[PDB]
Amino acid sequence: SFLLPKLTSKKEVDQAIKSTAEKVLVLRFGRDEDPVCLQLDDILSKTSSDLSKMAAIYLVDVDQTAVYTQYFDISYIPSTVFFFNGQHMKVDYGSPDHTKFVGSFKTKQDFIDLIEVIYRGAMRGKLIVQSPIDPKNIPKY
């Protein structure tokens, strides 16, 4: 894109939501050094060019964006949130929470496939889409 932008404040996330027009805004909430975020971030970086017409991808430091981290109840990282023209786009990936996509992707193409689904739903005026793919597994207690 080439590079992935980093956001480190509530105000920067607000500005990305407000200024990103006609593309899916992808907000990866995480920590750059977290191993699962490192895995996702590599997919994001690699796929970003092929998705540049459909999506603008930003990395967000979960620890520095309290208003958003608390609002989305980010409890496991990475957690990725989607917006389109200032509307929060929800994604049903079979789990009860449609608000954020928790975990990394199996493959780069799975991520592209999700993004296409979001984009084409949002262009049609949809606000919630079903994901054609399932997330990679996040182990819990």
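Counting begins at 1, following the sequence as shown.
> Hey, which bit's got the bigger mean C-alpha B factor in the entry, 61-69 or 104-112?
Going by the record's values, the stretch with the higher mean is 104-112.
> Higher average CA B factor in the deposited record is what I'm after, so tell me if that's 46-54 or 87-95.
Here the higher of the two C-alpha B-factor means belongs to 46-54.
> What third of its chain's C-alpha B-factors does residue 38 belong to: lowest, middle or highest?
Residue 38: CA B-factor falls in the highest third of its chain.
> Against its chain's modelled residues, does residue 25's Cα B factor rank lowest, middle or highest third?
Tercile = lowest for this residue's CA B-factor.
> Thinking about Cα B factors across the chain, which third does residue 117 belong to?
Tercile = highest for this residue's CA B-factor.
> Based on the deposited C-alpha B factors for this chain, I'd like to know if residue 123 is in the lowest, middle or highest third.
Residue 123: CA B-factor falls in the highest third of its chain.
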